[PDB]
Every structure is written in C-alpha cells, then in structure tokens.
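The structure appears right after this line, and notes come after that.
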Amino acid sequence: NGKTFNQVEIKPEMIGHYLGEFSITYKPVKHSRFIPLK
Amino acid sequence: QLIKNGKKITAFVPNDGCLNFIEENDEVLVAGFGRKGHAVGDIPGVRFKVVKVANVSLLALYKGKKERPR
Amino acid sequence: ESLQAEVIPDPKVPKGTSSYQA
Amino acid sequence: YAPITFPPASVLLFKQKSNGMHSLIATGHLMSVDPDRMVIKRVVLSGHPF
Amino acid sequence: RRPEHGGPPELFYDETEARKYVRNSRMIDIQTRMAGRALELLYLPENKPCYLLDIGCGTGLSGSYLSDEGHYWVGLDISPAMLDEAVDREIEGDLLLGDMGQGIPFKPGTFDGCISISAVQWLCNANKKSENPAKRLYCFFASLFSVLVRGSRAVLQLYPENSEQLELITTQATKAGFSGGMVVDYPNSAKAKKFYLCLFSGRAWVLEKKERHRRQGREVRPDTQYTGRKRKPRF
RNA sequence: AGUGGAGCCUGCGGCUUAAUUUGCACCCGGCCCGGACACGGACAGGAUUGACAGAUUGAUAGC
Ligand SMILES: Nc1ncnc2c1ncn2[C@@H]1O[C@H](CSCC[C@H](N)C(=O)O)[C@@H](O)[C@H]1O
C-alpha cells in the first residue's frame with residue numbers, strides 16, 4: 001500500500017475486483033467559550 | 001566598618017571575579033573612587049573602592065601575581 | 001547533652017491484516 | 001553531603017595520587033549550608049537543517 | 001442593503017415581511033445560534049430556571065429557545081404582524097406590543113437577565129421628526145437598567161452599520177448605569193462577526209552623545225557593536 | 001444583477017496522515033560509490049580483483 005504489506009485471502013467472490021482495493025493506502029480522518037466575569 | 005573611627009562605608013570591587021578574594025572579616029585597604037569626594041556617575045551612592053585585602057592588592061590577586069592568606 | 005546523630009534518628013483481527021489496514 | 005559547619009571556613013581539595021601523595025587542586029570558602037541550591041545538568045541536542 | 005435603512009420598523013416588518021421571515025431558513029438557524037451564544041455569554045445562575053425579558057422577540061425564535069431551556073420570559077415588539085405569527089407559533093412566554101425607546105413597563109428588579117437579538121440598531125435612526133436617536137436609546141437603557149434585577153446581565157446582540165451607531169449605543173448605556181463591555185465573538189470572521197453588548201445592572205548614553213555630535217555636524221566614528229563596551233576592569 | 005442561504009467544485013488556514021511537497025519538490029523500501037597527509041596495525045605464510053550455481057528480495061544481483 002506504499003508503506004506496508006497487507007495479506008489477504010483470495011475468495012471466489014473477489015473475482016471482479018483489483019488487488020489494490022484490498023490494501024487501503026490512506027488512514028481514515030479522525031478529527032471552551034469565553035464568558036466575561038467583569 | 002573602618003578601623004580608626006568605627007564608621008560604616010560601602011566600597012566598590014572592580015568586578016565580580018575580584019569579589020571572590022574577599023570574605024567577611026578581612027582587613028581591607030580602601031581608597032576613594034576618583035572624582036574627589038563625589039559619587040559615581042553610574043552607580044548611585046558609592047564613593048569608595050577596595051585597593052588591598054589581606055595586605056595584597058586586588059591587581060596582584062586578579063592577575064595571579066600574588067596569593068592571599070586567610 | 002547533645003547526641004551524636006549525624007543522620008536523622010527518625011527512620012477481532014484476521015491473521016494477515018496489517019496494523020495499517022486494521 | 002557533609003556535616004553542618006558555620007562559616008567562615010577554608011576549603012582545601014586534594015586528589016589522591018598513585019604513589020600516595022595528595023595533590024592540591026582547590027582553595028576557597030564554605031559558602032552556605034542549604035539543600036535548596038539545585039544543580040542543573042544541561043544536555044544539548046544538535047540537528048542539521050538540510 | 002440593510003433592513004434598518006428601509007424606514008420605520010413597524011412599517012418595514014408588515015404581514016408580507018413577517019411571512020418571509022419565518023419562511024427564511026437562514027433566519028431560523030442564525031437566530032437560534034445567536035440566542036444560544038446570548039444565553040451563554042450572560043452568566044445566568046447554572047441549573048436555575050431564569051426569568052429573562054425578550055426586548056426584540058419578533059417571531060419568538062429566541063423566545064422558543066428560552067422555553068426549551070426552561071427559562072420563562074416576556075416578549076416586547078413594535079411589529080403587530082410579527083407578534084401575531086409569534087402567538088401562532090404558540091410560544092410559552094407572554095408577549096407585549098410596546099416600544100423599547102418608549103420604556104419597559106415592569107417593576108424595578110423583576111427580570112433576572114434580558115435577551116435582545118438584532119433590535120437595538122433600529123433605535124439609532126430617527127424614522128420620525130419627533131424621534132431623537134440619543135434620547136430614545138438613553139430612555140430604553142435607563143428603563144432596562146431599573147427593570148433588570150440589579151446585578152443580572154442583559155446581553156444585547158446588535159448589527160452596527162458604522163462606528164457612530166456603536167458609539168451612541170455604548171455612551172447611552174454606560175451613562176444609564178449599565179456596566180460591562182462588548183464581546184465580539186470571532187471578530188476577524190465576517191460571517192461570524194457577532195457583537196454582543198454584555199450589560200450587567202450591578203552604551204545607550206554613548207549612542208545619544210554620538211547622535212548629539214552628529215547633529216552638531218562634526219566627524220563621528222561609525223556606529224558598530226563595540227560602541228559602548230568595557231575595555232577592562234580598572235584598578 | 002448578485003454573492004453571503006443550499007448541493008457540488010476549488011484557493012488559503014486548520015485537522016488527519018508515512019506523505020497529504022512547496023513559496024515531483026513529498027513519503028515507504030532496495031542499489032551504487034565516500035580523499036590524500038601523519039602515526040599504529042594485517043600483507044607474499046599471502047594483501048586484494050573477478051566468478052558459476054542456488055537463495056534473499058516487491059523482483060535479480062559476486063552490487
Ligand atoms: N423600538 C422598538 N420597540 C419594539 N420592538 C422593536 C423596536 N425596534 C425594532 N423592534 C423589533 O425588532 C425586531 C427585529 S427582528 C427580531 C426578532 C429576532 N431576530 C428573533 O427572531 O428572535 C422586530 O420584530 C421589531 O418589532
């Protein structure tokens with residue numbers, strides 16, 4: 001995937017898809033008020 | 001505190017390196033600062049400078065020419 | 001008389017899945 | 001770490017030689033007796049701005 | 001350009017304007033959002049059903065927010081059509097068809113807090129000849145100061161068209177007895193420029209000498225890092 | 001006439017990231033080579049050069 005290797009089974013229903021779909025190259029994005037006292 | 005009259009004065013040391021030769025209860029020879037009884041144009045309210053300590057000059061101690069006893 | 005106490009007297013992931021893919 | 005001594009006191013430092021003689025290395029006065037004085041070891045890391 | 005510049009607030013906010021007001025999706029969102037910041041900025045007693053005064057309720061948008069928070073309130077409005085559609089929305093708090101500049105008719109020390117969302121910028125423009133902007137603002141602020149329990153904060157969200165507007169509002173408030181300031185949340189941000197008037201009711205010597213000699217016009221050594229530096233200790 | 005409202009696209013911030021380059025530059029892995037001078041070591045008992053085949057490797061290769 002650019003950095004590491006991901007191991008995958010080859011299932012019979014995996015027939016129509018590329019190999020690169022099964023190793024995602026990016027990680028998902030996972031992303032206190034003033035009150036005056038005087 | 002001066003010996004011959006018991007008066008207290010505040011005396012100047014040429015740098016902080018020379019002050020390490022001075023300890024409490026050392027006999028010190030003191031002169032005036034240099035403008036004839038007037039204080040310093042830089043340090044407010046000091047008129048005296050240390051000349052000798054333990055019968056050796058601060059110039060001889062600061063230049064390694066002589067050592068002082070204790 | 002003082003005492004000679006110099007010190008204190010008081011005492012779910014598949015096998016081949018990488019950590020990235022996980 | 002040393003027993004309390006009230007100043008003034010003179011400070012002689014000696015290093016023991018192999019032949020048994022003590023060689024004099026220092027000279028001075030006992031400044032103070034307090035553990036509140038802290039020593040600060042400093043480490044400098046160096047980097048190259050490539 | 002501005003709703004305020006149109007003219008008399010009542011004549012501007014007619015039945016047509018009122019219908020379009022509640023139909024506007026932005027109006028709903030921005031007003032509830034501003035009322036949230038208003039109730040937060042004013043430091044109401046925490047975990048306490050408060051008694052606020054809606055100086056500019058209009059459609060009862062800010063009012064409905066206070067009802068949801070459990071804070072009972074009284075509305076005040078110059079637009080009859082807007083108050084009709086506010087009572088058609090069935091808001092919990094009571095309403096009253098009156099003028100802010102004229103004066104709030106409540107016992108001194110009755111409301112613990114006051115919510116005013118976009119309504120005080122209309123008092124700085126004399127729509128009639130008798131209308132006096134300074135006097136109208138002052139009278140309103142003085143009445144509010146008294147009506148409000150001495151100590152409770154009266155948050156006042158405003159939309160100034162210039163500095164003169166803000167200047168007038170602030171002077172007429174500070175001289176009426178209102179103390180505090182103004183919290184401009186997100187001041188640089190323009191779409192979030194929210195002005196809330198929170199108003200509670202209770203070697204250098206050698207350098208100078210060388211410049212002296214330079215102005216006198218004689219030859220002066222060039223100024224370097226060795227200008228004033230002690231050469232040595234002196235014995 | 002609009003924009004500021006809504007959906008989409010894009011530019012600066014910010015957030016995630018190995019990198020999301022910057023006022024193919026970025027990231028993850030694998031090759032190639034990198035002084036003489038002085039002094040002290042090993043060196044014809046042998047210093048050192050080239051090499052088939054197999055393998056490691058994402059792949060092959062006396063690198
Ligand atoms: N002098 C005055 N006296 C009373 N109400 C006034 C006034 N000048 C303006 N207003 C009111 O200011 C309002 C502007 S809109 C206020 C409603 C608020 N934005 C909300 O929806 O929560 C109008 O409803 C108008 O009646």
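Letters for chains follow the order of the structure tokens (A, B, ...), residue numbers begin at 1 for each chain, and ligand numbers begin at 1 in the order shown.
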Got a sec to check which residues lie within 6 Å of ligand 1, using only C-alpha atoms (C1' of nucleotides) and all ligand atoms, and send them as a PyMOL selection string? chain E and resi 9+31+56-62+76-79+82+98-101+117-119+122
Just the selected residues (N, CA and C atoms), exported as an mmCIF file, in the first residue's frame, please.
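Saved result, part.cif, follows:
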data_model
loop_
_atom_site.group_PDB
_atom_site.id
_atom_site.type_symbol
_atom_site.label_atom_id
_atom_site.label_comp_id
_atom_site.auth_asym_id
_atom_site.auth_seq_id
_atom_site.Cartn_x
_atom_site.Cartn_y
_atom_site.Cartn_z
ATOM 1 N N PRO E 9 -39.526 50.619 11.758
ATOM 2 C CA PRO E 9 -39.504 49.161 11.968
ATOM 3 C C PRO E 9 -40.871 48.487 11.786
ATOM 4 N N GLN E 31 -30.629 32.841 14.103
ATOM 5 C CA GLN E 31 -31.239 33.458 15.312
ATOM 6 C C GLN E 31 -31.138 32.499 16.501
ATOM 7 N N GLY E 56 -36.419 42.133 21.892
ATOM 8 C CA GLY E 56 -36.770 42.020 20.462
ATOM 9 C C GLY E 56 -37.120 40.582 20.132
ATOM 10 N N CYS E 57 -38.337 40.145 20.477
ATOM 11 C CA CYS E 57 -38.736 38.724 20.272
ATOM 12 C C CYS E 57 -39.064 38.462 18.800
ATOM 13 N N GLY E 58 -39.798 39.376 18.154
ATOM 14 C CA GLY E 58 -40.188 39.203 16.741
ATOM 15 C C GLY E 58 -41.062 37.983 16.530
ATOM 16 N N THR E 59 -40.514 36.937 15.902
ATOM 17 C CA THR E 59 -41.295 35.707 15.595
ATOM 18 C C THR E 59 -41.258 34.737 16.784
ATOM 19 N N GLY E 60 -40.572 35.103 17.872
ATOM 20 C CA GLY E 60 -40.432 34.206 19.034
ATOM 21 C C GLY E 60 -39.408 33.117 18.773
ATOM 22 N N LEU E 61 -38.391 33.402 17.952
ATOM 23 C CA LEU E 61 -37.318 32.416 17.659
ATOM 24 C C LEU E 61 -36.418 32.308 18.887
ATOM 25 N N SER E 62 -35.853 33.437 19.323
ATOM 26 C CA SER E 62 -35.032 33.452 20.559
ATOM 27 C C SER E 62 -35.905 33.017 21.737
ATOM 28 N N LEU E 76 -41.370 41.643 23.819
ATOM 29 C CA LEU E 76 -41.703 43.063 23.526
ATOM 30 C C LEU E 76 -41.457 43.310 22.035
ATOM 31 N N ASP E 77 -42.424 43.902 21.326
ATOM 32 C CA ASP E 77 -42.267 44.071 19.856
ATOM 33 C C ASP E 77 -43.071 45.266 19.339
ATOM 34 N N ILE E 78 -42.538 45.963 18.331
ATOM 35 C CA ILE E 78 -43.257 47.123 17.725
ATOM 36 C C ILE E 78 -44.069 46.620 16.527
ATOM 37 N N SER E 79 -43.684 45.475 15.953
ATOM 38 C CA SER E 79 -44.396 44.915 14.777
ATOM 39 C C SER E 79 -45.597 44.091 15.248
ATOM 40 N N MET E 82 -45.629 40.522 13.329
ATOM 41 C CA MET E 82 -44.624 39.562 13.852
ATOM 42 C C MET E 82 -45.127 38.945 15.161
ATOM 43 N N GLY E 98 -45.177 46.705 22.522
ATOM 44 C CA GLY E 98 -44.697 48.007 23.023
ATOM 45 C C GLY E 98 -43.410 48.481 22.374
ATOM 46 N N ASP E 99 -42.997 49.716 22.679
ATOM 47 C CA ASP E 99 -41.759 50.293 22.089
ATOM 48 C C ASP E 99 -40.619 50.246 23.109
ATOM 49 N N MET E 100 -39.424 49.832 22.674
ATOM 50 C CA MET E 100 -38.237 49.789 23.569
ATOM 51 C C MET E 100 -37.859 51.217 23.962
ATOM 52 N N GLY E 101 -37.640 52.094 22.974
ATOM 53 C CA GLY E 101 -37.268 53.500 23.238
ATOM 54 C C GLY E 101 -38.253 54.199 24.158
ATOM 55 N N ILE E 117 -32.015 40.214 20.588
ATOM 56 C CA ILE E 117 -31.353 39.719 19.343
ATOM 57 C C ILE E 117 -31.730 40.644 18.182
ATOM 58 N N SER E 118 -30.743 41.314 17.572
ATOM 59 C CA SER E 118 -30.966 42.216 16.402
ATOM 60 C C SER E 118 -32.221 43.091 16.569
ATOM 61 N N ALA E 119 -32.154 44.104 17.443
ATOM 62 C CA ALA E 119 -33.308 45.009 17.668
ATOM 63 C C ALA E 119 -32.855 46.405 18.117
ATOM 64 N N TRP E 122 -32.008 49.525 15.450
ATOM 65 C CA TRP E 122 -33.163 50.299 14.922
ATOM 66 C C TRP E 122 -33.383 51.579 15.736
#
Hey, what's within 12 Å of stretch 11-18 of chain D if we count only C-alpha atoms (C1' of nucleotides) and toss same-chain stuff fewer than 2 positions away? As a short mmCIF file (atom, residue, chain, number, x, y, z; two decimals) with N, CA, C and O atoms, in the first residue's frame, please?
data_model
loop_
_atom_site.label_atom_id
_atom_site.label_comp_id
_atom_site.auth_asym_id
_atom_site.auth_seq_id
_atom_site.Cartn_x
_atom_site.Cartn_y
_atom_site.Cartn_z
N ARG B 70 44.71 33.55 54.59
CA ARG B 70 43.42 33.60 55.25
C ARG B 70 43.58 33.59 56.77
O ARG B 70 43.18 34.52 57.46
N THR D 5 28.63 23.00 59.07
CA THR D 5 29.69 23.84 59.60
C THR D 5 29.33 25.29 59.35
O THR D 5 28.95 25.65 58.23
N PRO D 7 30.06 29.08 58.63
CA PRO D 7 31.16 29.83 58.02
C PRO D 7 31.63 30.95 58.93
O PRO D 7 30.88 31.40 59.81
N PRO D 8 32.86 31.46 58.75
CA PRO D 8 33.89 31.16 57.74
C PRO D 8 34.71 29.89 57.99
O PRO D 8 34.99 29.53 59.13
N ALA D 9 35.08 29.23 56.90
CA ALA D 9 35.91 28.04 56.93
C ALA D 9 36.62 27.93 55.59
O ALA D 9 36.07 28.33 54.56
N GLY D 20 50.67 7.79 46.60
CA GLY D 20 50.20 8.04 47.95
C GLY D 20 50.10 9.51 48.31
O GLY D 20 49.41 9.84 49.28
N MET D 21 50.76 10.38 47.56
CA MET D 21 50.69 11.81 47.82
C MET D 21 49.31 12.36 47.49
O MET D 21 48.63 11.88 46.59
N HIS D 22 48.90 13.37 48.25
CA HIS D 22 47.71 14.15 47.92
C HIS D 22 48.17 15.40 47.19
O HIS D 22 49.00 16.16 47.70
N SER D 23 47.64 15.61 45.99
CA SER D 23 47.94 16.82 45.24
C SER D 23 46.83 17.84 45.45
O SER D 23 45.65 17.50 45.37
N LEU D 24 47.23 19.07 45.73
CA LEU D 24 46.29 20.15 45.99
C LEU D 24 45.70 20.65 44.68
O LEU D 24 46.43 20.92 43.73
N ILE D 25 44.37 20.77 44.62
CA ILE D 25 43.69 21.24 43.42
C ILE D 25 42.82 22.47 43.69
O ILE D 25 42.54 23.23 42.76
N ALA D 26 42.38 22.68 44.93
CA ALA D 26 41.48 23.80 45.18
C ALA D 26 41.64 24.34 46.60
O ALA D 26 42.40 23.82 47.41
N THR D 27 40.89 25.41 46.87
CA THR D 27 41.16 26.52 47.77
C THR D 27 39.92 27.39 47.77
O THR D 27 39.45 27.78 46.70
N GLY D 28 39.40 27.70 48.94
CA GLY D 28 38.24 28.56 48.98
C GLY D 28 37.51 28.55 50.29
O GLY D 28 38.08 28.21 51.33
N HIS D 29 36.23 28.91 50.26
CA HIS D 29 35.47 29.08 51.48
C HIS D 29 34.12 28.39 51.37
O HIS D 29 33.53 28.29 50.29
N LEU D 30 33.65 27.90 52.51
CA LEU D 30 32.33 27.29 52.60
C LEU D 30 31.27 28.38 52.45
O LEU D 30 31.04 29.16 53.38
N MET D 31 30.63 28.44 51.28
CA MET D 31 29.63 29.47 51.01
C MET D 31 28.43 29.34 51.92
O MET D 31 28.08 30.29 52.64
#
Name the residues of stretch 3-235 of chain E that fall into helix (DSSP H, G or I) according to DSSP on the backbone, using the chain letters and numbers of this document, as JSON, numbers by chain. {"E": [3, 4, 5, 6, 9, 10, 11, 12, 15, 16, 17, 18, 19, 20, 21, 22, 23, 25, 26, 27, 28, 29, 30, 31, 32, 33, 34, 35, 36, 37, 38, 39, 40, 41, 61, 62, 63, 64, 65, 66, 67, 68, 69, 80, 81, 82, 83, 84, 85, 86, 87, 88, 121, 122, 123, 124, 133, 134, 135, 136, 137, 138, 139, 140, 141, 142, 143, 144, 145, 146, 147, 163, 164, 165, 166, 167, 168, 169, 170, 171, 172, 173, 174, 204, 205, 206, 207, 208, 209, 210, 211, 212, 213, 214, 215]}
Considering only C-alpha atoms, state which residue in the set B:42, B:27, B:67, B:16 is at the smallest distance from chain D.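 So, comparing all the options, the nearest one is B:67.
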Residue B:14 surroundings by only C-alpha atoms (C1' of nucleotides), 10 Å radius, close-in-sequence under 4 positions cut, as a list in words: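 Here the answer would be residues 18, 19, 49, 50, 51, 58, 59 and 62 of chain B; 232, 233, 234 and 235 of chain E.
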File of the preceding selection, N, CA and C atoms, as an mmCIF file, in the first residue's frame:
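Result file result_4.cif:
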data_model
loop_
_atom_site.group_PDB
_atom_site.id
_atom_site.type_symbol
_atom_site.label_atom_id
_atom_site.label_comp_id
_atom_site.auth_asym_id
_atom_site.auth_seq_id
_atom_site.Cartn_x
_atom_site.Cartn_y
_atom_site.Cartn_z
ATOM 1 N N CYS B 18 36.887 39.671 41.296
ATOM 2 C CA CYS B 18 37.711 40.125 42.412
ATOM 3 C C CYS B 18 37.003 39.949 43.747
ATOM 4 N N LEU B 19 35.677 39.833 43.737
ATOM 5 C CA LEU B 19 34.942 39.690 44.985
ATOM 6 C C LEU B 19 35.135 38.323 45.619
ATOM 7 N N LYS B 49 36.538 52.536 46.818
ATOM 8 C CA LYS B 49 36.938 51.340 46.100
ATOM 9 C C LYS B 49 37.954 50.559 46.923
ATOM 10 N N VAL B 50 37.870 49.243 46.821
ATOM 11 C CA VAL B 50 38.786 48.350 47.518
ATOM 12 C C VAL B 50 40.120 48.315 46.781
ATOM 13 N N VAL B 51 41.205 48.516 47.519
ATOM 14 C CA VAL B 51 42.544 48.542 46.956
ATOM 15 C C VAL B 51 43.341 47.306 47.345
ATOM 16 N N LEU B 58 44.416 43.937 44.997
ATOM 17 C CA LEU B 58 43.465 43.224 44.160
ATOM 18 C C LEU B 58 43.996 43.041 42.750
ATOM 19 N N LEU B 59 44.869 43.940 42.298
ATOM 20 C CA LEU B 59 45.504 43.777 40.997
ATOM 21 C C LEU B 59 46.447 42.584 40.992
ATOM 22 N N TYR B 62 44.170 39.434 41.068
ATOM 23 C CA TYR B 62 43.386 39.234 39.861
ATOM 24 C C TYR B 62 44.264 38.823 38.690
ATOM 25 N N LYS E 232 38.241 46.882 30.077
ATOM 26 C CA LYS E 232 38.858 46.058 31.109
ATOM 27 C C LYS E 232 38.370 46.480 32.488
ATOM 28 N N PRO E 233 38.571 45.664 33.524
ATOM 29 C CA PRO E 233 38.467 46.187 34.887
ATOM 30 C C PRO E 233 39.574 47.188 35.156
ATOM 31 N N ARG E 234 39.266 48.168 35.997
ATOM 32 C CA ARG E 234 40.200 49.233 36.336
ATOM 33 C C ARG E 234 40.567 49.117 37.807
ATOM 34 N N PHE E 235 41.864 49.115 38.090
ATOM 35 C CA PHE E 235 42.351 49.117 39.463
ATOM 36 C C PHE E 235 42.920 50.485 39.824
#
Show which residues sit within 9 Å of residue E:44, as a list in words. Count only C-alpha atoms (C1' of nucleotides), and ignore same-chain residues fewer than 3 positions away.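 The residues that qualify are residues 39, 40, 41, 47, 48, 50, 112, 113, 152 and 153 of chain E.
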Within 8 Å of chain F: residues of chain A, using only C-alpha atoms (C1' of nucleotides), as a list in words: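 Written out as asked, the residues are residues 2, 3, 4, 26, 27, 28, 29, 30 and 31 of chain A.
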Neighbours of chain D in chain B at 10 Å, counting only C-alpha atoms, as a count of residues only: 6
List as a ChimeraX atom specification the protein and nucleic acid residues near residue C:6, meaning an atom at most 12 Å away when only C-alpha atoms (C1' of nucleotides) are counted, but skip any in the same chain fewer than 6 places from it. /D:1-4
